[PDB]
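Participant: The file below is run27.pdb, PDB, N, CA and C atoms:
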MODEL        1
ATOM      1  N   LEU W   1      71.121 130.652 127.204  1.00  0.00           N
ATOM      2  CA  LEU W   1      70.809 129.488 126.409  1.00  0.00           C
ATOM      3  C   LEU W   1      70.628 129.905 124.960  1.00  0.00           C
ATOM      4  N   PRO W   2      71.001 129.047 124.020  1.00  0.00           N
ATOM      5  CA  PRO W   2      70.760 129.344 122.607  1.00  0.00           C
ATOM      6  C   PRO W   2      69.282 129.256 122.258  1.00  0.00           C
ATOM      7  N   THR W   3      69.007 129.543 120.992  1.00  0.00           N
ATOM      8  CA  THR W   3      67.656 129.425 120.475  1.00  0.00           C
ATOM      9  C   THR W   3      67.254 127.960 120.364  1.00  0.00           C
ATOM     10  N   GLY W   4      65.943 127.738 120.342  1.00  0.00           N
ATOM     11  CA  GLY W   4      65.393 126.396 120.258  1.00  0.00           C
ATOM     12  C   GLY W   4      65.789 125.532 121.430  1.00  0.00           C
ATOM     13  N   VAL W   5      65.674 126.057 122.645  1.00  0.00           N
ATOM     14  CA  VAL W   5      66.048 125.327 123.847  1.00  0.00           C
ATOM     15  C   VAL W   5      64.924 125.536 124.852  1.00  0.00           C
ATOM     16  N   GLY W   6      64.454 124.452 125.464  1.00  0.00           N
ATOM     17  CA  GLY W   6      63.551 124.514 126.584  1.00  0.00           C
ATOM     18  C   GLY W   6      64.051 123.666 127.737  1.00  0.00           C
ATOM     19  N   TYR W   7      63.173 123.479 128.714  1.00  0.00           N
ATOM     20  CA  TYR W   7      63.602 122.999 130.018  1.00  0.00           C
ATOM     21  C   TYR W   7      62.380 122.582 130.819  1.00  0.00           C
ATOM     22  N   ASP W   8      62.619 122.083 132.031  1.00  0.00           N
ATOM     23  CA  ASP W   8      61.512 121.585 132.836  1.00  0.00           C
ATOM     24  C   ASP W   8      61.902 121.506 134.302  1.00  0.00           C
ATOM     25  N   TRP W   9      60.928 121.766 135.160  1.00  0.00           N
ATOM     26  CA  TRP W   9      61.087 121.631 136.596  1.00  0.00           C
ATOM     27  C   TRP W   9      60.129 120.562 137.091  1.00  0.00           C
ATOM     28  N   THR W  10      60.663 119.418 137.497  1.00  0.00           N
ATOM     29  CA  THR W  10      59.768 118.340 137.886  1.00  0.00           C
ATOM     30  C   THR W  10      60.259 117.659 139.150  1.00  0.00           C
ATOM     31  N   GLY W  11      59.527 116.621 139.524  1.00  0.00           N
ATOM     32  CA  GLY W  11      59.691 115.983 140.817  1.00  0.00           C
ATOM     33  C   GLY W  11      58.597 116.436 141.768  1.00  0.00           C
ATOM     34  N   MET W  12      58.991 116.840 142.970  1.00  0.00           N
ATOM     35  CA  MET W  12      58.124 117.732 143.721  1.00  0.00           C
ATOM     36  C   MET W  12      58.124 119.132 143.143  1.00  0.00           C
ATOM     37  N   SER W  13      59.139 119.469 142.346  1.00  0.00           N
ATOM     38  CA  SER W  13      59.072 120.664 141.523  1.00  0.00           C
ATOM     39  C   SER W  13      58.053 120.528 140.415  1.00  0.00           C
ATOM     40  N   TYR W  14      57.567 119.321 140.148  1.00  0.00           N
ATOM     41  CA  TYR W  14      56.397 119.223 139.304  1.00  0.00           C
ATOM     42  C   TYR W  14      55.161 119.626 140.081  1.00  0.00           C
ATOM     43  N   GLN W  15      55.099 119.248 141.359  1.00  0.00           N
ATOM     44  CA  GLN W  15      53.961 119.607 142.200  1.00  0.00           C
ATOM     45  C   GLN W  15      53.885 121.104 142.419  1.00  0.00           C
ATOM     46  N   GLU W  16      54.980 121.702 142.880  1.00  0.00           N
ATOM     47  CA  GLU W  16      55.019 123.148 143.006  1.00  0.00           C
ATOM     48  C   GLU W  16      55.028 123.834 141.651  1.00  0.00           C
ATOM     49  N   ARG W  17      55.497 123.145 140.602  1.00  0.00           N
ATOM     50  CA  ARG W  17      55.401 123.689 139.252  1.00  0.00           C
ATOM     51  C   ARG W  17      53.954 123.818 138.819  1.00  0.00           C
ATOM     52  N   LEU W  18      53.096 122.924 139.295  1.00  0.00           N
ATOM     53  CA  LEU W  18      51.668 123.110 139.122  1.00  0.00           C
ATOM     54  C   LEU W  18      51.202 124.233 140.031  1.00  0.00           C
ATOM     55  N   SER W  19      51.335 124.030 141.338  1.00  0.00           N
ATOM     56  CA  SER W  19      51.040 125.072 142.317  1.00  0.00           C
ATOM     57  C   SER W  19      51.811 124.758 143.583  1.00  0.00           C
ATOM     58  N   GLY W  20      52.517 125.752 144.113  1.00  0.00           N
ATOM     59  CA  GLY W  20      53.074 125.603 145.442  1.00  0.00           C
ATOM     60  C   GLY W  20      51.999 125.682 146.505  1.00  0.00           C
ATOM     61  N   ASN W  21      51.148 126.701 146.430  1.00  0.00           N
ATOM     62  CA  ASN W  21      50.106 126.876 147.436  1.00  0.00           C
ATOM     63  C   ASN W  21      48.939 127.624 146.813  1.00  0.00           C
ATOM     64  N   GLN W  22      47.864 126.901 146.523  1.00  0.00           N
ATOM     65  CA  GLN W  22      46.549 127.500 146.376  1.00  0.00           C
ATOM     66  C   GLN W  22      45.832 127.588 147.710  1.00  0.00           C
ATOM     67  N   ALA W  23      46.528 127.208 148.784  1.00  0.00           N
ATOM     68  CA  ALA W  23      46.046 127.343 150.157  1.00  0.00           C
ATOM     69  C   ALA W  23      45.501 128.719 150.532  1.00  0.00           C
ATOM     70  N   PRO W  24      46.166 129.867 150.265  1.00  0.00           N
ATOM     71  CA  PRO W  24      45.587 131.142 150.734  1.00  0.00           C
ATOM     72  C   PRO W  24      44.299 131.529 150.041  1.00  0.00           C
ATOM     73  N   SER W  25      44.025 130.978 148.861  1.00  0.00           N
ATOM     74  CA  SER W  25      42.678 131.058 148.318  1.00  0.00           C
ATOM     75  C   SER W  25      41.702 130.315 149.216  1.00  0.00           C
ATOM     76  N   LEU W  26      42.152 129.212 149.804  1.00  0.00           N
ATOM     77  CA  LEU W  26      41.260 128.439 150.643  1.00  0.00           C
ATOM     78  C   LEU W  26      41.186 129.002 152.048  1.00  0.00           C
ATOM     79  N   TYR W  27      42.220 129.708 152.499  1.00  0.00           N
ATOM     80  CA  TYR W  27      42.099 130.450 153.742  1.00  0.00           C
ATOM     81  C   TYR W  27      41.194 131.645 153.540  1.00  0.00           C
ATOM     82  N   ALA W  28      41.185 132.179 152.319  1.00  0.00           N
ATOM     83  CA  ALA W  28      40.318 133.301 151.998  1.00  0.00           C
ATOM     84  C   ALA W  28      38.862 132.876 152.027  1.00  0.00           C
ATOM     85  N   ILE W  29      38.520 131.848 151.250  1.00  0.00           N
ATOM     86  CA  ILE W  29      37.137 131.411 151.230  1.00  0.00           C
ATOM     87  C   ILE W  29      36.790 130.659 152.499  1.00  0.00           C
ATOM     88  N   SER W  30      37.800 130.218 153.245  1.00  0.00           N
ATOM     89  CA  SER W  30      37.555 129.679 154.572  1.00  0.00           C
ATOM     90  C   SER W  30      37.143 130.787 155.515  1.00  0.00           C
ATOM     91  N   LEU W  31      37.804 131.935 155.408  1.00  0.00           N
ATOM     92  CA  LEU W  31      37.398 133.111 156.161  1.00  0.00           C
ATOM     93  C   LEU W  31      36.010 133.566 155.760  1.00  0.00           C
ATOM     94  N   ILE W  32      35.676 133.404 154.484  1.00  0.00           N
ATOM     95  CA  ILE W  32      34.340 133.729 154.012  1.00  0.00           C
ATOM     96  C   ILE W  32      33.312 132.826 154.664  1.00  0.00           C
ATOM     97  N   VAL W  33      33.539 131.514 154.596  1.00  0.00           N
ATOM     98  CA  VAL W  33      32.511 130.582 155.030  1.00  0.00           C
ATOM     99  C   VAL W  33      32.414 130.567 156.549  1.00  0.00           C
ATOM    100  N   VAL W  34      33.525 130.837 157.230  1.00  0.00           N
ATOM    101  CA  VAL W  34      33.498 131.048 158.668  1.00  0.00           C
ATOM    102  C   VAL W  34      32.714 132.303 158.995  1.00  0.00           C
ATOM    103  N   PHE W  35      32.902 133.347 158.188  1.00  0.00           N
ATOM    104  CA  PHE W  35      32.230 134.613 158.432  1.00  0.00           C
ATOM    105  C   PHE W  35      30.727 134.482 158.285  1.00  0.00           C
ATOM    106  N   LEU W  36      30.280 133.784 157.253  1.00  0.00           N
ATOM    107  CA  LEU W  36      28.848 133.684 157.045  1.00  0.00           C
ATOM    108  C   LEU W  36      28.207 132.641 157.943  1.00  0.00           C
ATOM    109  N   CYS W  37      28.902 131.539 158.228  1.00  0.00           N
ATOM    110  CA  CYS W  37      28.296 130.537 159.091  1.00  0.00           C
ATOM    111  C   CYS W  37      28.156 131.078 160.499  1.00  0.00           C
ATOM    112  N   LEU W  38      29.156 131.825 160.958  1.00  0.00           N
ATOM    113  CA  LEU W  38      29.001 132.536 162.216  1.00  0.00           C
ATOM    114  C   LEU W  38      27.988 133.661 162.112  1.00  0.00           C
ATOM    115  N   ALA W  39      27.782 134.212 160.915  1.00  0.00           N
ATOM    116  CA  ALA W  39      26.682 135.152 160.744  1.00  0.00           C
ATOM    117  C   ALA W  39      25.322 134.465 160.802  1.00  0.00           C
ATOM    118  N   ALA W  40      25.278 133.133 160.730  1.00  0.00           N
ATOM    119  CA  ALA W  40      24.043 132.426 161.046  1.00  0.00           C
ATOM    120  C   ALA W  40      23.959 132.046 162.517  1.00  0.00           C
ATOM    121  N   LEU W  41      25.087 131.688 163.127  1.00  0.00           N
ATOM    122  CA  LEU W  41      25.061 131.192 164.498  1.00  0.00           C
ATOM    123  C   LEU W  41      24.869 132.327 165.488  1.00  0.00           C
ATOM    124  N   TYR W  42      25.641 133.398 165.321  1.00  0.00           N
ATOM    125  CA  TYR W  42      25.289 134.703 165.860  1.00  0.00           C
ATOM    126  C   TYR W  42      23.898 135.130 165.430  1.00  0.00           C
ATOM    127  N   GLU W  43      23.545 134.843 164.174  1.00  0.00           N
ATOM    128  CA  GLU W  43      22.344 135.336 163.498  1.00  0.00           C
ATOM    129  C   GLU W  43      22.280 136.860 163.570  1.00  0.00           C
ATOM    130  N   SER W  44      23.437 137.479 163.352  1.00  0.00           N
ATOM    131  CA  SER W  44      23.577 138.899 163.621  1.00  0.00           C
ATOM    132  C   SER W  44      24.557 139.517 162.640  1.00  0.00           C
ATOM    133  N   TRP W  45      24.300 140.774 162.297  1.00  0.00           N
ATOM    134  CA  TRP W  45      25.138 141.530 161.374  1.00  0.00           C
ATOM    135  C   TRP W  45      26.416 141.960 162.080  1.00  0.00           C
ATOM    136  N   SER W  46      27.544 141.358 161.696  1.00  0.00           N
ATOM    137  CA  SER W  46      28.917 141.764 162.011  1.00  0.00           C
ATOM    138  C   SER W  46      29.290 141.626 163.488  1.00  0.00           C
ATOM    139  N   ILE W  47      28.349 141.262 164.352  1.00  0.00           N
ATOM    140  CA  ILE W  47      28.652 140.658 165.648  1.00  0.00           C
ATOM    141  C   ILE W  47      29.597 139.454 165.567  1.00  0.00           C
ATOM    142  N   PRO W  48      29.570 138.582 164.532  1.00  0.00           N
ATOM    143  CA  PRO W  48      30.613 137.541 164.456  1.00  0.00           C
ATOM    144  C   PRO W  48      32.036 138.038 164.347  1.00  0.00           C
ATOM    145  N   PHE W  49      32.243 139.261 163.839  1.00  0.00           N
ATOM    146  CA  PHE W  49      33.570 139.728 163.442  1.00  0.00           C
ATOM    147  C   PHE W  49      34.540 139.765 164.614  1.00  0.00           C
ATOM    148  N   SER W  50      34.000 139.925 165.828  1.00  0.00           N
ATOM    149  CA  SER W  50      34.742 139.818 167.080  1.00  0.00           C
ATOM    150  C   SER W  50      35.595 138.562 167.147  1.00  0.00           C
TER     151      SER W  50
ATOM    152  N   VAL L   1      82.142 127.125  97.637  1.00  0.00           N
ATOM    153  CA  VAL L   1      81.038 127.859  97.024  1.00  0.00           C
ATOM    154  C   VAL L   1      81.553 128.394  95.702  1.00  0.00           C
ATOM    155  N   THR L   2      81.154 127.751  94.615  1.00  0.00           N
ATOM    156  CA  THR L   2      81.540 128.196  93.290  1.00  0.00           C
ATOM    157  C   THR L   2      80.669 129.319  92.772  1.00  0.00           C
ATOM    158  N   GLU L   3      79.505 129.526  93.373  1.00  0.00           N
ATOM    159  CA  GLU L   3      78.497 130.366  92.759  1.00  0.00           C
ATOM    160  C   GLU L   3      77.548 130.874  93.830  1.00  0.00           C
ATOM    161  N   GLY L   4      77.078 132.104  93.643  1.00  0.00           N
ATOM    162  CA  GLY L   4      76.293 132.796  94.640  1.00  0.00           C
ATOM    163  C   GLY L   4      77.134 133.745  95.463  1.00  0.00           C
ATOM    164  N   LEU L   5      78.144 133.228  96.154  1.00  0.00           N
ATOM    165  CA  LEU L   5      79.054 134.085  96.899  1.00  0.00           C
ATOM    166  C   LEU L   5      80.093 134.693  95.970  1.00  0.00           C
ATOM    167  N   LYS L   6      80.529 135.902  96.318  1.00  0.00           N
ATOM    168  CA  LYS L   6      81.479 136.632  95.492  1.00  0.00           C
ATOM    169  C   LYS L   6      82.689 137.038  96.323  1.00  0.00           C
ATOM    170  N   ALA L   7      83.559 137.858  95.745  1.00  0.00           N
ATOM    171  CA  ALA L   7      84.881 138.076  96.316  1.00  0.00           C
ATOM    172  C   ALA L   7      84.827 138.974  97.545  1.00  0.00           C
ATOM    173  N   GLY L   8      85.528 138.544  98.594  1.00  0.00           N
ATOM    174  CA  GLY L   8      85.739 139.351  99.782  1.00  0.00           C
ATOM    175  C   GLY L   8      84.492 139.679 100.558  1.00  0.00           C
ATOM    176  N   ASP L   9      83.535 138.764 100.628  1.00  0.00           N
ATOM    177  CA  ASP L   9      82.228 139.112 101.162  1.00  0.00           C
ATOM    178  C   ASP L   9      82.124 138.758 102.634  1.00  0.00           C
ATOM    179  N   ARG L  10      81.396 139.588 103.369  1.00  0.00           N
ATOM    180  CA  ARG L  10      81.285 139.460 104.812  1.00  0.00           C
ATOM    181  C   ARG L  10      80.083 138.585 105.147  1.00  0.00           C
ATOM    182  N   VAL L  11      80.272 137.638 106.063  1.00  0.00           N
ATOM    183  CA  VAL L  11      79.287 136.594 106.324  1.00  0.00           C
ATOM    184  C   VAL L  11      78.850 136.673 107.781  1.00  0.00           C
ATOM    185  N   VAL L  12      77.550 136.540 108.013  1.00  0.00           N
ATOM    186  CA  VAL L  12      76.989 136.520 109.358  1.00  0.00           C
ATOM    187  C   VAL L  12      77.279 135.151 109.970  1.00  0.00           C
ATOM    188  N   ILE L  13      78.174 135.104 110.964  1.00  0.00           N
ATOM    189  CA  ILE L  13      78.743 133.820 111.382  1.00  0.00           C
ATOM    190  C   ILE L  13      78.553 133.499 112.862  1.00  0.00           C
ATOM    191  N   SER L  14      78.973 134.401 113.752  1.00  0.00           N
ATOM    192  CA  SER L  14      79.271 133.978 115.121  1.00  0.00           C
ATOM    193  C   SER L  14      78.015 133.771 115.963  1.00  0.00           C
ATOM    194  N   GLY L  15      77.238 134.828 116.174  1.00  0.00           N
ATOM    195  CA  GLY L  15      76.078 134.762 117.045  1.00  0.00           C
ATOM    196  C   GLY L  15      74.761 134.563 116.322  1.00  0.00           C
ATOM    197  N   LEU L  16      74.572 133.386 115.720  1.00  0.00           N
ATOM    198  CA  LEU L  16      73.436 133.155 114.834  1.00  0.00           C
ATOM    199  C   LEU L  16      72.135 132.830 115.560  1.00  0.00           C
ATOM    200  N   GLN L  17      72.131 132.775 116.894  1.00  0.00           N
ATOM    201  CA  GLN L  17      70.890 132.499 117.613  1.00  0.00           C
ATOM    202  C   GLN L  17      69.922 133.667 117.494  1.00  0.00           C
ATOM    203  N   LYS L  18      70.393 134.869 117.807  1.00  0.00           N
ATOM    204  CA  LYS L  18      69.557 136.058 117.804  1.00  0.00           C
ATOM    205  C   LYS L  18      69.344 136.638 116.413  1.00  0.00           C
ATOM    206  N   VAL L  19      69.876 136.009 115.372  1.00  0.00           N
ATOM    207  CA  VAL L  19      69.808 136.577 114.031  1.00  0.00           C
ATOM    208  C   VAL L  19      68.444 136.288 113.421  1.00  0.00           C
ATOM    209  N   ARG L  20      67.694 137.348 113.157  1.00  0.00           N
ATOM    210  CA  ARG L  20      66.419 137.386 112.466  1.00  0.00           C
ATOM    211  C   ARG L  20      66.369 138.657 111.634  1.00  0.00           C
ATOM    212  N   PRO L  21      65.768 138.608 110.440  1.00  0.00           N
ATOM    213  CA  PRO L  21      65.993 139.675 109.449  1.00  0.00           C
ATOM    214  C   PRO L  21      65.357 141.001 109.844  1.00  0.00           C
ATOM    215  N   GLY L  22      66.196 142.033 109.921  1.00  0.00           N
ATOM    216  CA  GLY L  22      65.750 143.374 110.238  1.00  0.00           C
ATOM    217  C   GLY L  22      66.571 144.071 111.306  1.00  0.00           C
ATOM    218  N   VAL L  23      67.061 143.308 112.280  1.00  0.00           N
ATOM    219  CA  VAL L  23      67.758 143.871 113.432  1.00  0.00           C
ATOM    220  C   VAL L  23      69.134 144.340 112.989  1.00  0.00           C
ATOM    221  N   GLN L  24      69.548 145.513 113.474  1.00  0.00           N
ATOM    222  CA  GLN L  24      70.821 146.095 113.066  1.00  0.00           C
ATOM    223  C   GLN L  24      71.987 145.247 113.548  1.00  0.00           C
ATOM    224  N   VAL L  25      72.960 145.054 112.665  1.00  0.00           N
ATOM    225  CA  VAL L  25      74.038 144.100 112.862  1.00  0.00           C
ATOM    226  C   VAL L  25      75.341 144.871 112.956  1.00  0.00           C
ATOM    227  N   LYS L  26      76.068 144.658 114.045  1.00  0.00           N
ATOM    228  CA  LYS L  26      77.399 145.218 114.212  1.00  0.00           C
ATOM    229  C   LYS L  26      78.405 144.079 114.134  1.00  0.00           C
ATOM    230  N   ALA L  27      79.694 144.417 114.070  1.00  0.00           N
ATOM    231  CA  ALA L  27      80.714 143.433 113.705  1.00  0.00           C
ATOM    232  C   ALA L  27      81.826 143.384 114.749  1.00  0.00           C
ATOM    233  N   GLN L  28      81.812 142.318 115.540  1.00  0.00           N
ATOM    234  CA  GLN L  28      82.998 141.933 116.282  1.00  0.00           C
ATOM    235  C   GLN L  28      83.470 140.562 115.821  1.00  0.00           C
ATOM    236  N   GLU L  29      84.765 140.315 115.956  1.00  0.00           N
ATOM    237  CA  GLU L  29      85.313 139.035 115.528  1.00  0.00           C
ATOM    238  C   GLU L  29      86.205 138.440 116.608  1.00  0.00           C
TER     239      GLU L  29
ENDMDL
END
Can you dump the structure from the file as structure tokens?
Facilitator:
Amino acid sequence: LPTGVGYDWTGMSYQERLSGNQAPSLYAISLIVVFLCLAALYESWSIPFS
Amino acid sequence: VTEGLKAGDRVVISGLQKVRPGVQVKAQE
């Protein structure tokens, strides 16, 4: 492309252009909150990890 | 051009997008 040229990805490419998946951040902190909530239900250190 | 340009002078013409002052310039036509 020459100079002074831009472009855009939109549609559902606007949605994925924002973010395709911030989901694995939520699987990460989901694993966190599952880990600690089971650390209350177990009420035990690392016994939940099973 | 009656004035400013002189005889037989070489002009930066073809690939003017990347042209910014300082970069070494070679000549294909």
Participant: Any chance you could tabulate, as JSON lines, the residues of chain L at most 8 Å from chain W with each one's nearest atom pair and distance in Å to one decimal, using only N, CA and C atoms, in chain and rising number order?
Facilitator:
{"residue": "L:16", "atom": "C", "partner": "W:3", "partner_atom": "N", "distance": 7.1}
{"residue": "L:17", "atom": "CA", "partner": "W:3", "partner_atom": "N", "distance": 4.9}
{"residue": "L:18", "atom": "N", "partner": "W:3", "partner_atom": "N", "distance": 6.4}
Participant: Quick one, how far is atom C of residue 42 (chain W) from CA of residue 26 (chain W)?
Facilitator: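 Spanning atom C of residue 42 (chain W) to CA of residue 26 (chain W) is a straight-line distance of 23.8 Å.
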Participant: What is the atom N of residue 19 (chain L) to atom N of residue 6 (chain W) distance in Å?
Facilitator: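 Atom-to-atom, atom N of residue 19 (chain L) and atom N of residue 6 (chain W) are spaced 16.3 Å apart.
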Participant: In Å to one decimal, how far is CA of residue 38 (chain W) from CA of residue 25 (chain W)?
Facilitator: 19.6 Å
Participant: As lines of an AutoDock Vina configuration file, please: the centre and edge lengths in Å, to one decimal, of an axis-aligned box enclosing every listed atom of region 15-26 of chain W with 5 Å added on each side.
Facilitator:
center_x = 48.3
center_y = 125.4
center_z = 145.4
size_x = 24.3
size_y = 22.3
size_z = 23.2
